[PDB]
There are 4 protein chains.
Amino acid sequence: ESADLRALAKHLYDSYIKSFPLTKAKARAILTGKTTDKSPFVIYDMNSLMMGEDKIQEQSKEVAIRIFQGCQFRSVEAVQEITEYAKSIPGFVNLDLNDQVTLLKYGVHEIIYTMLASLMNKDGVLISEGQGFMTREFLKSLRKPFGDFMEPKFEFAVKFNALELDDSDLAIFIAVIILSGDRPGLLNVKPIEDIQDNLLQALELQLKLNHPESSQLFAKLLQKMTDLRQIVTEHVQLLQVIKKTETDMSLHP
Amino acid sequence: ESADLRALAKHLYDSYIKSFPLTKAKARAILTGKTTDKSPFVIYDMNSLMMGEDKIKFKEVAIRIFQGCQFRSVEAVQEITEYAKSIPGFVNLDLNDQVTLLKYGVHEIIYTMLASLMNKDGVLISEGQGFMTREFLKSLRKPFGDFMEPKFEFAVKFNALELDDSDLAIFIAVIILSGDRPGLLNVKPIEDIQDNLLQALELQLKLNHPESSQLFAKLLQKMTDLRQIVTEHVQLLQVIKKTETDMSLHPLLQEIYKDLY
Amino acid sequence: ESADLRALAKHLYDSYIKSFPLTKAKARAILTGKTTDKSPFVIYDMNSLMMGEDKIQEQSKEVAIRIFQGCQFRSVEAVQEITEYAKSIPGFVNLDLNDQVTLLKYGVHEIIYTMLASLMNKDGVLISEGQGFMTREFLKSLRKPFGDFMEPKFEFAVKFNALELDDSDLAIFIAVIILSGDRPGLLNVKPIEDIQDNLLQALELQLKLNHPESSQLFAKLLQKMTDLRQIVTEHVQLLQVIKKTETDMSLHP
Amino acid sequence: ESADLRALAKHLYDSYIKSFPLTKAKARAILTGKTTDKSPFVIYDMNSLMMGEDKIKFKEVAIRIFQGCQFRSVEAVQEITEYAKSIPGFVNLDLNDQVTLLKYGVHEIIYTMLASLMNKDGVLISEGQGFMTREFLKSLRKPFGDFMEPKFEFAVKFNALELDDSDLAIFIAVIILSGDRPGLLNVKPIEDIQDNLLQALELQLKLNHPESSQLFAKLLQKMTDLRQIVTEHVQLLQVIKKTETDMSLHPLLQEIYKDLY
Ligand SMILES: CCCc1c(OCCCn2ccc3cc(OCC(=O)O)ccc32)ccc2cc(C(=O)c3ccccc3)ccc12
Ligand SMILES: CCCc1c(OCCCn2ccc3cc(OCC(=O)O)ccc32)ccc2cc(C(=O)c3ccccc3)ccc12
């Protein structure tokens, strides 16, 4: 019934709030400006990065490489918030432990880029739990292999954010992504699709009720999931370029 | 022979009274107020449920009631196992078959004896200290609502048979000694014991209920109502696995449900 | 009167015969040898145990632990024969149901060791309804905690068997043990002692008539009841050692 | 609070099962034959060692066994690092402190979990495919003989505590989050996490082992047995440097031992 789908949406929203402290609502307030009690420091070039560097990884390498490696560090931090959120998705913890691992392994990147768009506008991205803001232009200016890393993320985010989803929408969308029955090496696919069908029903009703004037938003959101998959494949592609072409190494395992 | 069969009937009734504190006789006294010691607190909605739980002085509700169910089921399994040990010939069987008979028989017996605690309006809970209404249980959010109603439907029809504890003692033994359980290694010795129990049950019913036409057959037909209840229950368990978060049962209940039909 | 005490002794003897198929008389014939139509297989070591193992619980554990657990299994089988015998003791079934349970709970172990002595000689014990014979030496050779388990049973049995009691004596002695008014948590002690007094009278006359040359056998037999209680307490003691000190578990409830 | 502490205990047990294929439960099944799939090949002398190594069909021995030790240690470090990442709050720490916690904690955890694979007679080797006897290990030429015996002495006493995998999951996290490691930059945030883990461990032990008096304290006392094992081991490493020819470890193991206590 409709009530049960709404209860599931609410349960997911409350868990999401518990697992992810920097929510889209909080982040949008910062990107604009409501009661500026603590306006974030803006990193717009090499010198402003230094300015903030010894304001709050530390210095002793190519800035380009410290920024790229900082991306790695934060992304592993994020995996842990996502893993905990996943446990709250009804039916996830009762899946084969091995399939849980696989679901997380191949879903975490798509989720990071989804939630990263909450922290972005067309001109830059919130960093350090929202205390900083790094410009898209500065990131774009970094050394050749590295100057192209965030751009596809920004491009996705501008198009994704024009959908105007809120946290209650995103909570369900994220759960839908995790419960993807098409991940490599899953053992028991049917149970996963069974849960995803329930989550898709809940997502569909959520968007129809929250965005009644946005025609076919549900289909449009599903379409963004090929966008996300492509972004990940490029990012993974890009990580090969690096792995082979650098004197630099010291990655988060 | 007749005196053997009555001695067997009496032995079972004896062990039953020894193994199961809340008998049918005792439940009926309570349900009917023939007792004048402690009338049960009735739970019919969320407000009375809160009061009922907090009456301890002198997660969610649907998963919370499921959890009590689990605890009580474990307690029931312990009682039924003690009863089973007393059935002549049971402990002499292959140990793996004893396990197999308990694994498949325990839930059939749980629903049989639950009927003793039910009327068409509700079920006795907390060693008969509370009464939870059928309508309240029916109300519970989707899947959890579907757990108890089939039991009520069975119980009202089963209770119309008017069996008493002495009848039930032999019927429960019949259920345990079922030679058709999956994975049984030595079927005939079980069937031979069941034959003797069936003989004793038939005699017990003809003597205790002489005016009840074909009661023996009618009771054996309930064994198909029972087997249906259990497969429905196991199905519902798979629904709870998909729609609920952290569940995981007691080690005893997990073993019983492990690779069950 | 004397006749009534003899009638009670006979009633108990007939019930005993009905409840316990392997009687002392049958077992003594086997431990010696009268018309050897089916001489029992002797288990005198690890390899002879295997020999018989796949001759007739099954193999997949420390032999020591399978033997000890076999002891548990058989002892629960024996409780059921004892429970049925108890019903035939005049007045037992009319006692409070709860007291019946308690009498059996705390009496069953003493009875098992009493009747076990019928199946023993100084060198070993009949097993598998008399089809096998396990040596005392082999049992003694088992792993440290377990090699000490049966010895006290053998020690008791050698001294007990020197009393030369027969089944008709034992039937009454067993009934005397069950009707012990000193068991913990009995509700109505007087009715139990009333019945035990009757059984003691019958036992005393039985021994005076059956063993007239055995001076004070009655007193001597009563004295064995502290021996039995001590054996049980040690065995229970020993079960604590195990319960705490083993990777092994899977006991008869 | 209580439900938080049980949720933490459950999360750790979950990650532990995910990060460590050969658990205690699985080692005990093997050591005890409760499994009926593949009984381990026992190595007790040089002749059985040869046969054991050449059973791959379906330098010197003392340095050769040391080398397997090294390979397995590296594999263990990878598993423990994956486990550590899952401990709530760990990846949020200063990266240099994360490294420092792994560097000093890894060997304490290796010997803790090795105990799971040991009885008083020997140790499971090759993902539980082999069993190498304590006496054989004790036999090894001077210095190499001295490596394994202290581990056995610890394991038998540790194993008497009867911890299970769910207990061990939280104890290993306690070990990792030790605020007293040399060179830690931010001690308090580590100590705060360890406080919470200690709370969860205490509750887990009281619930899982209610009859085990002062088990929590007894377990924490093992942390001093463990720290002693590691300093002894590092000492022994310096002996191997003087009495052996070309050794040199894996890059991962060299980093861990680099300027270690
Ligand atoms: C055999 C369970 C009997 C039963 C009960 O029977 C309703 C019929 C539905 N039903 C029968 C068996 C059974 C098993 C079940 O799951 C068992 C399992 O998962 O192991 C779910 C529902 C169920 C309703 C409420 C109870 C409520 C309680 C409680 O003590 C209780 C505990 C906490 C809070 C409120 C109430 C115990 C038993 C109940
Ligand atoms: C954590 C090591 C566990 C372990 C083992 O434990 C015995 C306790 C002694 N011990 C514990 C840790 C440790 C580390 C050590 O050096 C480690 C290092 O230098 O990095 C030497 C001995 C040692 C014995 C034999 C093994 C043998 C093997 C092998 O797979 C093997 C490989 C090649 C040939 C034979 C066997 C793996 C692990 C063993």
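So, how was this worked out
- Residues numbered from 1 in each chain as written, not as in the entry; some residues may be left out.
- Chains lettered and ligands numbered in written order.
- Heavy atoms only, no water.
- Helix = DSSP H or I, 4+ residues; strand = E, 2+ residues; numbered from the N terminus.
- Rg over C-alpha atoms; globule rule 2.2 N^0.38 Å.
- Buried < 20%, exposed > 50% of the residue type's maximum accessible area, 1.4 Å probe, protein only.
- Contact = heavy atoms within 4.5 Å.
- Buried area = accessible area lost by both parts, 1.4 Å probe.
- Salt bridge = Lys/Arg side-chain N within 4 Å of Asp/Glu carboxyl O.
- Polar contact = N/O pair within 3.5 Å; in protein donor to acceptor, adjacent residues only side chain to side chain.
- UniProt positions renumbered as here; feature names shortened; annotations may be inferred.
- Expected span 1.5 Å × (residues − 1).
- Bend = angle between axes of the 7 residues up to and from the residue.
- Nonpolar A, V, L, I, M, F, W, Y, C, P; charged D, E, K, R; others polar.
- 1 Å grid on protein atoms, 1.4 Å probe; cavity = no way out; pocket = protein on both sides within 12 Å on 5 of 7 lines; lining within 4 Å.
- Points joined across faces, edges and corners; volume = space filled by probe spheres on them.
- Near = heavy atom within 4 Å.
- Pairing = 2+ DSSP bridges.

Method of determination for the deposited model, per the PDB record: X-ray crystallography, at 1.97 Å resolution.

Asks: Quick question: what am I supposed to make of the overall build of chain B here?
Replies: Counting secondary structure elements, chain B contains 11 helices and 4 strands. Over its C-alpha trace chain B gives a radius of gyration of 19 Å, about what one expects of a compact globule, namely 18 Å for 261 residues. In terms of its C-alpha atoms, chain B occupies a principal-axis envelope of roughly 55 × 45 × 35 Å. A buried classification covers 49% of the 261 residues belonging to chain B.

Asks: Would you mind going over the interface of chain B and chain A with me for this structure?
Replies: It is common to give the size of an interface as the accessible area that goes away when the parts come together. Residue-level contacts link 9 residues of chain B with 12 residues of chain A. Regarding the contact of chain B and chain A, the summed buried area is about 730 Å², with carbon and sulfur atoms giving 52% of it. Three residues, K241, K242 and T245 of chain B, lead the burial of chain B against chain A; their summed loss comes to 63% of the area buried on that side. Summed over the shared surface of chain B and chain A, the result is 1 salt bridge. In this structure, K242 of chain B engages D194 of chain A in a salt bridge whose closest nitrogen and oxygen atoms are separated by 3.6 Å. Linking chain B with chain A are 2 residue pairs in polar contact. Looking at the side of chain B that touches chain A element by element, the count peaks at 4 residues for helix 10 (residues 215-243) of chain B.

Asks: What is the right way to read the UniProt feature "binding site: rosiglitazone" in chain B from this model?
Replies: Residues and elements named next belong to chain B. Within this numbering scheme, the UniProt entry marks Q70, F71, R72, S73, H107, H233 and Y257 as carrying the feature "binding site: rosiglitazone". With respect to the helices, strands and loops of the structure, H107 is situated in helix 5 (residues 95-114). The contact partners of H107, leaving out residues within four places of it in the chain, are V230, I256 and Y257. Secondary-structure assignment places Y257 in helix 11 (residues 251-257). Sequence-distant contacts of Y257, that is, excluding residues within four places in its chain, are made with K103, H107, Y111, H233, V234 and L237.

Asks: Would you mind showing me how to read helix 5 (residues 95-114) of chain D here?
Replies: Since there are 3.6 residues in each turn of an α-helix, residues three or four apart along the chain are aligned in direction. All names here are of chain D. The terminal C-alpha atoms of helix 5, which comprises 20 residues, lie 28 Å apart, in line with the 28 Å expected from a rise of 1.5 Å per residue. The largest bend along helix 5 reaches roughly 40 degrees and is located at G105. Of all 20 residues that make up helix 5, 16 are buried, and the element is covered over most of its length. Near the N-terminus of helix 5, the side chain that reaches the backbone nitrogen of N96, with its oxygen 2.8 Å away, is that of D94.

Asks: What should I look at first to understand the interface of chain B and chain C in this one?
Replies: With 11 residues of chain B in contact, the opposing surface of chain C contributes 11 residues. Carbon and sulfur atoms supply 57% of the area buried between chain B and chain C, which totals about 1100 Å² over both sides. Three residues, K18, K85 and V91 of chain B, lead the burial of chain B against chain C; their summed loss comes to 46% of the area buried on that side. Where chain B packs against chain C, one counts 0 salt bridges. The tally of links from chain B across to chain C stands at 4 residue pairs in polar contact. Those elements giving two or more residues to the side of chain B that touches chain C turn out to be helix 1 (2-19), helix 4 (61-85) and helix 5 of chain B. A class-by-class count of the residues in the side of chain B that touches chain C yields 3 nonpolar, 5 polar and 3 charged.

Asks: What is the right way to look at empty space enclosed by the protein in this model?
Replies: Over the atoms rolls a probe the size of a water molecule, and its path tells where empty space is left. Estimates place the volume of the largest cavity at around 90 Å³. What lines the largest cavity is a set of 14 residues, among which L139, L142, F146, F149 and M150 of chain A lie closest to the centre. Residue assignment for the lining of the largest cavity shows that the elements contributing at least two residues are helix 4 (63-87), helix 6 (136-140) and helix 7 (144-147) of chain A. When residues of the lining of the largest cavity are assigned to their parent elements, the largest contribution, 4 residues, is made by helix 4 of chain A. Its residues placed into classes, the lining of the largest cavity shows 9 nonpolar, 1 polar and 4 charged. Of the pockets and cavities examined, the second largest cavity occupies roughly 50 Å³. If you go around the second largest cavity, the residues you meet are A64, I67, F68, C71, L139, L142, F146, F149 and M150 of chain C.

Asks: What is the right way to read the environment of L8 of chain B from this model?
Replies: Residues and elements named next belong to chain B. Positionally, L8 belongs in helix 1. Given the relative accessible area of 11%, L8 is considered buried. The sequence separation of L8 and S19 amounts to 11 residues, and the corresponding C-alpha distance is 16 Å. Ignoring any residue separated from it by four or fewer positions in sequence, one finds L8 in contact with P88, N196, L197 and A200.

Asks: So what exactly am I meant to see when it comes to the site of ligand 2 here?
Replies: Residue and element names in this part refer to chain D. Surrounding ligand 2, one finds 15 residues, the nearest of these being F66, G68, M148, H233 and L253. When residues of the shell around ligand 2 are traced back to their parent elements, those giving at least two are helix 4 (61-85), helix 5 and helix 7 (142-159). Take the shell around ligand 2: its biggest share by element is 7 residues, from helix 4.

Asks: Please clarify how the UniProt feature "short sequence motif: 9aaTAD" in chain B should be interpreted in this entry.
Replies: When the UniProt feature table is mapped onto this chain numbering, "short sequence motif: 9aaTAD" sits at residues 251-259 of chain B. In residues 251-259 of chain B, helix accounts for 78% and strand for 0%; the two terminal C-alpha atoms are 14 Å from one another.

Asks: Is there a simple way to explain the sheet that holds strand 4 (residues 130-133) of chain D in this structure?
Replies: Note: strands within a sheet are paired through backbone hydrogen bonds, in either parallel or antiparallel orientation. Residues and elements named next belong to chain D. Read across the sheet, 4 strands follow the order 1-4-3-2 without closing on themselves; strand pairing throughout is mixed. Across the chains shown, the open sheet's two edge strands, defined by having one partner strand only, are strand 1 (41-43) and strand 2 (118-119). Looking at chain direction, strand 2 and strand 3 (residues 122-125) are connected through 2 bridges and run antiparallel. Bridge assignment links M118 to a residue of strand 3, and that residue is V123.

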